[PDB]
Structure formats: structure tokens, C-alpha cells
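Below you'll find only one chain, the form deposited in one PDB entry, shown as C-alpha cells.
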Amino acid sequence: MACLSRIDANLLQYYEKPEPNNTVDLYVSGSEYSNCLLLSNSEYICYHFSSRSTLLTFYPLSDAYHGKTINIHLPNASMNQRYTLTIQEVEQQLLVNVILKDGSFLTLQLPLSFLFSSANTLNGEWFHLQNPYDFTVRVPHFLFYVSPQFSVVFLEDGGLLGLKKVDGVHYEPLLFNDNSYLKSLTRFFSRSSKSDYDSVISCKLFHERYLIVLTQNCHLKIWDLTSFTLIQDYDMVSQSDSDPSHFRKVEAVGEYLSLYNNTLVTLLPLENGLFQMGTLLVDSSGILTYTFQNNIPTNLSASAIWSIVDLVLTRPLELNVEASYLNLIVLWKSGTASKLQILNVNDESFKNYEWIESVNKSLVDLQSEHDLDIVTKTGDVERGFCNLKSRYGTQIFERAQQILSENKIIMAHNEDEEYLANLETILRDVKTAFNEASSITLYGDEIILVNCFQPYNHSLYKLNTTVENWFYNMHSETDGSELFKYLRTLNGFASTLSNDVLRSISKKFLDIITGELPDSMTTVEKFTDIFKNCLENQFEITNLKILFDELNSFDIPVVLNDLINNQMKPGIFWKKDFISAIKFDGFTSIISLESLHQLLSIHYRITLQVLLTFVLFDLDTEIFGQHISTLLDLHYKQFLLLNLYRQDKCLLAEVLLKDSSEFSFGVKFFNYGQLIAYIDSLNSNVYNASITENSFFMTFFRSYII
């Protein structure tokens, strides 16, 4: 039931200086919202709005470290946060608009080149204030964007102004028709500080005119930018059992609806489970029409305390089922923690739908939590210290080392085992803090990227390959081909041994190949050595019967032939274009290595459990013998890659993104098909690479690192 995993991308992950070398600070006179805006030159740029709407940082996704980042300081906080702010690339320039508190209208103009150039300075006129209206009376809160010259505003009193650009930098108010509905709610019984405040909290734009909106009280309106008159005003709350008692009226502004083609989709307050999707149908003599259709509910259990974070209506993807048409990628939050789901719509008919979910934690994050890492070098403390620094990397590691001093805690001797457990917990923490959701983004066609609060941090949700589903869905399911079951009855045993025990074995297996466990011996004696030494009196005999019997009802010879030759060991890639990347893309770079790692990790576990049976049961070392010698080869290879993963990530990446010579800069994926493709390609280079020391310089290098 889980189809995508979470791959975490810390743009500075590889590097050791927590901050880009080239950082520029412009003035005038993050930890709030962050998102990616694609550009002309096929370059995504990310933005952050300092918590206090004070600062607005900028940087290039594809190259966080060497690339340059800008910290555009501001005269003073905008009106209603990231709402009274919009960013669109006019023409070879970025146009930022920010109705500061004072009611000014700040407009920035940044050259495209000034982002991807070298300049530590920007001169001329890029920023300029203004005051085309007295926002002293009717304060706004939802600055929008329509055209390069026009874009509407929105006041807290269900009102809306307008801004028309005549020249190059000038705007003048253009009211519509509301005034009527405003002046008269005065003559009717009352109009307090917040009585009938159907203020707007969402909006869009269908066919350059229709500002399909929405109000606090779900009243959906549809103005006309060729009339300046509100063409309609639906009452969303009355298109299905209008839950009396308590309808949570939109309090805090937010992304409550998105529109794709003809369709629209809307989140509605019903124990958090209302996605009303009434497709549009606008032309006819009648100029407007919102055709309600269905109202799908969300499976947000655990009390339903999951506020939306952003979401997106869009094309089909490529998942399990065939029945496809649309995908509503939805992203919720809860404290720092978050959930991302893809809501598959089987047919145009809005009633046959199927929900898909994904793992909310990186495989790495998961390993540490449930203490499941068997590869990481243990022992010392300055060692466990080195590790953490790697698994977490500079930025997060330094933030946590500050916080440990700020909170008056320091290291006793160079074995302060308590500093550790501390550093450790702060790290789990600083990381989850940093990884807080904030907005989706479709890198390329349909690739899900989540932007997080703390800059240089993103999270890609990848579509699981076959094995990856079994891994991530072992306990999570029943049924599925034979292999799955086999892999589970194996897991259903290994799980019960201790790690010290697993390590100890994997250890031995490594030897059968390095030779430490002398060749002479029969691949039948070692397996017994590796039994008195590693598994005798190390497991409950009871579970041993389960495995044996359970293991029987399996065509082992087969399931195992499918596992090793159709699941793990790939065949041959007749090179299905990955798009040789010209300039070094650091983003795509780590999305690869992390994803590479996630796979081998799962292979490694599987590989390991399989072999474990070849020692715990007398099976014909001459029948399956073909496999074993292959299994060991794999096991030994996987492990080596894993250990290497930890030793030095940046390095492991260069030798894996230049090994693919023509692509000695990386690849440029645009769809999950291209992604898996690539991954497996490397999955290969690893599995098909020589592991024989052609000299001592090499035997050493191996004995050491491994």
C-alpha cells in the first residue's frame, strides 16, 4: 500500500562548508515559505521568505554550493506574509512584488544573469517603493498575479482592488463591483470587526480572465476581468448534507484549491475529508458556470489533525493500476511531520477513485530509528562522532553543535558517551526541523519534490521498484508472487537475531571471498564454521521450525532463480537515453546516489537473509552452489558500496557519475521511468565491476576501508 519512498536532498550534503562560498546581500531603503520556480534556461530557482518576512533568500537548485545565492533584505515585513508577495519571471528577469506593512508597494527587478553569474553586486534600478492606495483603511492580505501589467489585490473585508501597469513601474487602483455588497451590509442589521467576513483565502485564473475564487465560508465566486463584475457566487456549503453543528470557517489563509484543465478541486471543512471537484464549463451565452460533480473524502485517520500544506491537480503518473486519468498530489502536515499522497482517479466519472500513499521517512532516517543499520562501523566514540557527521552532514551537524553549547552542554573526555546520545537526539531533531514540508513542485514532467523550511533542503518522493515495495510493504501486506512470501518467511526469522549477530555473519560471508576463510575448505564446511561461530545458541530453536516448514512450501530452486536473475541482477541496458548532462547538476547527483543506496541496502538485506539459510540447513552445496558463489559475490559487492557510501559521499558520487563517462557530469531525468532506469544502470556498474586486487596497493586499500 506504499508506492513511493522519501529520498532526502540536502544541497550541501556533499560539501563541508555549511554555506555557499558566494553569498550576496542586497538591501532596500528561511523558515516560513519556500518553493521552486522553473526558468527559461531550464534552471529551477528556490526562494525563502525569512520567518519574519524580513529577508527573502534566493538560490539555484541544480547547484547550491558553487552557485550563488542572494539574501534580498527588505525595508519591512509584508502585510500578510508570503501571501502579500508574488514571483513571476517577466522576461529574462524576476519580478517580485511585496505590499510591505506600511502599505508601500515594493517591486524588485532581478536580471536572469545576475542569478547565474558571478557579480557580488547589482547596480542601477532594481528596487523601488510606491503607494497607489491607502492601505491604512482597507488593509489587504492576498496579493495575486494576473498579467505582467495587471494583478489584483484582496482586502480583509471581502474586498478587492486592482493594479494596472501603464509604463515600466507604475500601478493605479481599479475597483470592480463589490462596493455595492459592501456599502449595504451597513444598512442591514450590523457589520462588526468580524461578523460576515467571507474574506478570500484561495484563488486561480481560468483562461486569462476568470478569477475563480473562494471565501472563508466556502462561498465560491467567479469574477470576470472583462466586466469587473462578480459573475457568480456559489455556496459550496450546501452541495451535500450541510453539516450544521460546526463547519470550520476558513480562518488562516491557505492553498485550498488548484485547477488543472477544465477541472477544479477544492478542500472543504468536513472532519477534514472534502475534496469537492466540480469541473468548469464556462462558454455558452451564459458567460459562467461551475458544474459541481463529486466530493471525495480523505482517509486522514488519527483524528484528522492534518492541515493541507499545498497540493496540486495534474496529469496521470504511472503507478500500480491501469485505470487512470488524473492525479491529485496532496501534501499534509502535522507539527513538523508530514504526509504525501497521490489520489488516483480511475475514470472521468468522479466516483471510481483509488488512493496511493508513500513512506514518510527516508530509509536512512528509518534505519537509525529502529536501530537496523548493520553496516556502519561501530566501536570508538570519535568514530561514532565521525559517522554522525557524515550521515547528517555539515549544515545539520553544525546547527546541532551550536544548540548543544547554547544549551550549556560540552564534551567531557574524548569518550563522552553522553555527549553522543545528545548530539544524536538533537540531530534526529534538527533534521526533522529542517525537513518540514511547505510546498510541492514538479521537477521536470511529473517528479514529486517537496520543499522544506530550512534552505538547501528538499525531499523527493520516488516511485518504488518491485523489490522496494516488498521491502517497504513486508508486514504491510499479504498475497503477491511467490518470491515475496519467500522473502518474508526469511525476514520472519532473521528479524529475531540480534544485529551483533547479523554483523558477525555478514562479516564471515565477506571472508569466504576475501579469503580470510581459506579457499581450501569446502563451501560446505565454512558454512558450518559460520554456524558454531555465529548462529549456534544465538536464536530460539522454536522459530527455526517455522522457517524450515514454512520454507518447504516454496519452489526454492525457482523463486531463487527469479530473485537473483530477474529482481536483483539486471540484464543489459541497450542504453535508453538518460540525456548526457552538460553542466554539473548537483541536485540530480545526490538523488541518484541516495536512491542508489536505498536499493543496494534492500538488496543487501535480502542477499544476507538468503545466505543465512544456506548455513542453517543442509542443502545441496552442489545444486544451489551455482547461486551461492554468485550470492557471495553480490553480498560482498553491496557491502563494499555501502561502506563506501558512508566513508565519503561526494567521492563515491564522482566515481559513479564519471564511470558513466559520456555522462561525466550527470544525467537530467524528467520522469520516474528515466529515474529508475538510471539507478539500475549504476546498480549494474556496481554488480558487474571487478573486485580483484591486481596488486598489493589494492589488497591494502581493501583490507582497510572495508
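Heads up: residue numbers just count along the shown sequence, starting at 1. Only the largest set of C-alpha atoms that superpose within 1.5 Å between the two forms is called the rigid core.
- Counting the deposited residues that fall between residue 41 and residue 42 and carry no coordinates gives zero.
- Relative to one another, 594-602 and 528-536 have unequal mean CA B-factors, and 528-536 is the one with the higher figure.
- Look at the C-alpha B-factors of 630-638 and of 403-411. On average they run higher in 403-411.
- In this structure the maximum Cα B-factor among 498, 454, 588, 190 is found at 190.
- In this entry, the residue among 377, 128, 507, 339 with the greatest C-alpha B factor is 128.
- Ranked by Cα temperature factor within the chain, residue 181 sits in the highest third according to the deposited record.
- The entry lists a Cα temperature factor for residue 543 that places it in the middle third of the chain's modelled residues.
- For residue 393, the recorded CA B-factor ranks within the lowest third of the chain. Only modelled residues enter the ranking.
- Per the deposited record, the Cα B-factor of residue 417 falls in the middle third when ranked against the other modelled residues of its chain.
- Ranked by Cα temperature factor within the chain, residue 462 sits in the lowest third according to the deposited record.
The form deposited in another entry exists for this protein as well; it is not shown, and the discussion that follows is about that form.
- In the overlay on the core between the shown form and the other one, a shift of 2 Å or more in CA position is seen for a single residue of 343, 505, 230, 259, which is 230.
- Once the rigid core is used as the reference frame, the Cα position of residue 148 differs between the shown form and the other one by 2 Å or more.
- Relative to the superposed rigid core, the position of the CA of residue 545 differs between the shown form and the other one by less than 2 Å.
- Relative to the superposed core, residue 92 shifts its CA atom by less than 2 Å between the shown form and the other one.
- Whereas the displayed form keeps them at a certain spacing, the CA atoms of residue 430 and residue 300 lie at least 3 angstroms farther apart in that other deposited form.
- Compared with the form shown here, the Cα atoms of residue 136 and residue 187 sit 3 Å or more closer together in that other deposited form.
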